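Here is the structure we will look at.
Protein chains in written order, with the entry's author numbering: chain B, 1 to 112; chain A, 1 to 112.
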């Protein structure tokens, strides 16, 4: 029980990836399904949900979808990205990636 | 199955726009300034969240930032799109708009 600091942000991470034309569809199944098992292991994650262009599912330059990971420490997010288990997958995805943009989003609304 | 209960929502819309080259800073703040005012004007608007691309050094396509507006649903989005206030600003932004992609992101957790 390391416990560690409690809460921090929370910080929101916005990531978008587009599967190029060549990767099998079934692979995407295990990729998403595998992600569920990945989080089941990756202690540092808390929760991980996905989000695809919901609306017309077309109007887009080629986003495909985005993946957000809930964290309680910007530092922990570092350990996550510095994970071999995750890297193993990201490495496989790289073998067939069309585009990927990693960006961090923080909840900072303006007072009205 | 499924009953009339609040869950899954609301829906989080993600938008990424880039400012063409030759855009002044005073304009950036102006646009962001107006938005805050527009948010106050736009009656239909759960909440307005804004964020900055964390780590622009590298790993980016040129998003710079992303606009995310909270809506009750897809129906509410129609109201936003059917807004003259937003249109007025859109026309102004068009004066210096590079790219604009609309994407919807919803937190969909999977049972582990």
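Where is the CB? At the ideal position from N, CA and C, for every residue including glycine.
Item                                                                                                                                                                                    : Value
Within its chain, find whatever has a CB closer than 7 Å to the CB of residue 20 (chain A); leave out the 5 residues flanking it on each side and keep chain order.                     : 96, 97 and 98
Is it buried or exposed, residue 69 (chain B), if we count other Cβ atoms within 10 angstroms and call 16 or more buried?                                                               : buried
Write down every uninterrupted run of the alpha helix (DSSP H) in the segment 15-99 of chain B whose length is 4 residues or greater and which is fully enclosed by it, in chain order. : 25-39, 76-81 and 84-94
Mapping the DSSP letters down to three states, classify residue 112 (chain A) as helix, strand or coil.                                                                                 : coil
Is there a C-beta anywhere in chain B that falls below 9 Å from the one on residue 83 (chain A)?                                                                                        : no
Let me know if residue 76 (chain B) comes out buried or exposed under the rule of 16 or more other beta-carbons within 10 Å of its beta-carbon.                                         : buried
Does the count of Cβ pairs from the segment 71-89 of chain A and the segment 44-63 of chain A closer than 8 Å reach three?                                                              : yes
Kindly list, in the order they appear in chain A, the residues whose Cβ is closer than 9 Å to that of residue 113 (chain B).                                                            : Beyond the ends of chain B as shown, which are 1 and 112, falls residue 113 (chain B); an answer cannot be given.
Going along chain A, which residues have a C-beta under 9 Å from residue 63 (chain B)?                                                                                                  : 14, 16, 101 and 103
Helix, strand or coil for residue 102 (chain A) per DSSP?                                                                                                                               : strand
Could you check which residue in B:1, B:111 and B:104 has the C-alpha nearest to that of residue 56 (chain A)?                                                                          : B:104
Please classify residue 66 (chain A) as buried or exposed, where buried requires at least 16 other C-beta atoms within 10 Å of its C-beta.                                              : buried
At least one CB of chain A closer than 9 Å to the CB of residue 87 (chain B): is that the case?                                                                                         : no
Below 9 Å on C-beta distance, what does residue 59 (chain A) contact in chain B?                                                                                                        : 100, 101, 102 and 103
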